[PDB]
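Asks: Please read through the structure below; I'll follow up with questions.
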Amino acid sequence: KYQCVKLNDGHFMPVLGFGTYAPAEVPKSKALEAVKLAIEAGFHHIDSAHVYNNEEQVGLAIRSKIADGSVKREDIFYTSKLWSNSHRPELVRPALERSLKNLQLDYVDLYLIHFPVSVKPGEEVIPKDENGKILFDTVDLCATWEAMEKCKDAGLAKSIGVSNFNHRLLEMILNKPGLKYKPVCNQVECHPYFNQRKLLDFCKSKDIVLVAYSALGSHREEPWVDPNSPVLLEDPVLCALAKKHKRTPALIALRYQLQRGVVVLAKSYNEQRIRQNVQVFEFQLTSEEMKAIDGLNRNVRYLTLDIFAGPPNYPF
Ligand SMILES: NC(=O)c1ccc[n+]([C@@H]2O[C@H](COP(=O)([O-])OP(=O)(O)OC[C@H]3O[C@@H](n4cnc5c(N)ncnc54)[C@H](OP(=O)(O)O)[C@@H]3O)[C@@H](O)[C@H]2O)c1
Ligand SMILES: Cc1cc(CC(=O)O)n(C)c1C(=O)c1ccc(Cl)cc1
Numbered sequence: 004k005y006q007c008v009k010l011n012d013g014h015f016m017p018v019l020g021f022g023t024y025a026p027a028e029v030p031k032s033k034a035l036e037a038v039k040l041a042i043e044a045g046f047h048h049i050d051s052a053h054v055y056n057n058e059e060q061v062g063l064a065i066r067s068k069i070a071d072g073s074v075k076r077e078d079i080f081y082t083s084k085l086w087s088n089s090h091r092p093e094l095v096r097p098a099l100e101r102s103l104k105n106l107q108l109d110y111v112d113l114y115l116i117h118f119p120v121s122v123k124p125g126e127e128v129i130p131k132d133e134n135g136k137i138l139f140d141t142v143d144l145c146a147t148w149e150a151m152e153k154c155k156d157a158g159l160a161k162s163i164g165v166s167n168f169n170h171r172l173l174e175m176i177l178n179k180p181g182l183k184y185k186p187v188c189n190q191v192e193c194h195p196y197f198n199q200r201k202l203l204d205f206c207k208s209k210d211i212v213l214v215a216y217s218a219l220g221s222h223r224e225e226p227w228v229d230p231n232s233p234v235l236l237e238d239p240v241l242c243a244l245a246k247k248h249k250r251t252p253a254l255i256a257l258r259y260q261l262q263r264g265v266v267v268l269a270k271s272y273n274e275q276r277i278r279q280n281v282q283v284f285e286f287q288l289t290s291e292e293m294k295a296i297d298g299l300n301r302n303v304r305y306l307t308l309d310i311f312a313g314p315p316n317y318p319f
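Each number in the deposited numbering comes from the position in the sequence shown (counting from 1) with 3 added on.
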């Protein structure tokens, strides 16, 4: 058994997920070994995406742990994400089908709209003109969502959701005429320096699960993250809490999310930190401790993706 939450479509999501993004200089081989370790350690929720360029490896890990009797497919919750070069409705299903072929899985548990700003169709994830300008595309996300709904109806994705949506863009989906399925989640940056209370409360009021990424303060990979930004795991209050509970600042930060009703992702390619992260289920925080963590909030957004700034659908 393991801790899950009931999503608004009746499906269940394990409340701790393993993140599989690594900076490109990290060889892809490490993704295979890390996912296997995450499964061995007790992760039952694995988070990937087309744009991470690791689905062949992450799929192999999963296949391998099923084929060796370590786990059953129904006890893995696997998430992929529709990249912005495939927002046009007629491209959505082929994108999912391509991810499924790379993975050699029959279905994904969750398929998200990865980012709300669209770019031109093609193999290139960030297509650029001869002058280096990003090739933006104009697409109605409500049609993109209809095509997601059809992928759910075909059993290719058991659930569908969004990522890096803001209040306006969620409402756009929720208030859509002929809406068949709400998004089960909104996967966004969330951690003690950016606790997203406002958007969290919104998602709760609509029974949408907030899934927290960069819950440990992110890769801090340049140019995506300003190396001046504060180091989450170095916070004195988190480090004090960690010492007091004989845990780590990372564990405190993960536990914080679980108790506030957020599903939390943790990336690590390190065998010891992978095993350590599942200890989030071994302790609990008091109301006073949770309030202290709430006080760390400083509106620090690490991941702006501001190369996609300009178009109306840029969410930040
Ligand atoms: N939807 C989106 O747009 C989006 C955006 C960003 C991320 N994500 C998803 O969210 C996942 C996680 O976010 P993210 O990669 O920024 O990083 P995240 O998990 O905050 O972690 C950042 C760093 O923490 C380290 N770490 C892990 N456990 C630790 C521990 N117990 N003690 C000290 N350090 C620890 C990792 O290094 P080691 O590997 O060396 O342990 C990693 O570099 C991604 O892998 C991806 O699946 C989605
Ligand atoms: C697009 C994108 C968005 C995210 C945020 C996330 O979900 O973590 N990542 C990590 C990427 C890439 O991997 C990426 C791949 C190829 C190129 Cl050229 C640029 C970025």
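Positions of the beta carbon are idealized from the N, C-alpha and C atoms, including for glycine.
(1) So the beta strand (DSSP E) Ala34 belongs to, where does it begin and stop?
(2) Just how far apart, CA to CA, sit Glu77 and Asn231?
(3) Should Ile129 be listed as close to ligand 2, given that the test is whether its C-beta is under 7 Å from any heavy atom?
(4) Confirm, please, whether the CB-CB distance from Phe168 to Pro318 is below 8 Å.
(5) Pairing CB atoms from the region 45-62 with CB atoms from the region 93-108, are three or more of them under 8 Å?
(6) Would you call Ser271 buried or exposed, if buried means 16 or more other Cβ atoms sit within 10 Å of its Cβ?
(7) Assuming contact is defined by CB atoms lying nearer than 8 Å, are residue 404 and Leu10 in contact in what I supplied?
(8) Around the Cβ of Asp238, are there at least 16 other Cβ atoms within 10 angstroms (buried) or fewer (exposed)?
(9) So, at 6 Å on beta carbons, what are the nonlocal neighbours of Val265 in its own chain, with the 5 sequence-adjacent residues on each side left out?
(10) Taking the continuous beta strand (DSSP E) assigned at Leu113, which residues delimit it?
(11) Assuming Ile49 contacts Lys68 under a Cβ cut-off of 8 Å, what Cβ separation, rounded to an integer in Å, is found between them?
(12) Pull the bridge partners of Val266 from the DSSP assignment, please.
(13) Residues in the same chain with beta-carbon distance under 6 Å from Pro314, minus the five sequence neighbours each way, listed in chain order, please.
(14) Answer yes if the region 124-132 comes into contact with the region 172-182, meaning at least three C-beta pairs across the two stretches below 8 Å, and no otherwise.
(15) Only counting the same chain, and skipping five residues up and downstream in sequence, which positions put a Cβ closer than 7 Å to that of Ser51?
(16) Using the three-state DSSP reduction, which class does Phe319 fall into: helix, strand or coil?
(17) Are there any heavy atoms of ligand 1 lying less than 7 Å away from the beta-carbon of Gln260, as far as the coordinates show?
(18) Which runs of the beta strand (DSSP E), 3 residues or longer, sit entirely within the region 155-190?
(19) Taking 7 Å as the cut-off, is the C-beta of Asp156 nearer than that to any heavy atom in ligand 1?
(20) Given a threshold of 16 other Cβ atoms within 10 Å of its Cβ, counted over all protein chains shown, does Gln275 qualify as buried or as exposed?
Replies: Let me spell this out:
(1) First-last for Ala34: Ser32 to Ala44, but that is the alpha helix (DSSP H), not the beta strand (DSSP E).
(2) 43 Å
(3) yes
(4) yes
(5) yes
(6) buried
(7) No answer is possible for residue 404: the residues shown for the chain start at 4 and end at 319.
(8) buried
(9) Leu213 and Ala215
(10) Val111 to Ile116
(11) 10 Å between Cβ atoms; not a contact.
(12) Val214
(13) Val120 and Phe139
(14) no
(15) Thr23, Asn57, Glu58, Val61, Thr82 and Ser83
(16) coil
(17) no
(18) 160-166
(19) no
(20) exposed
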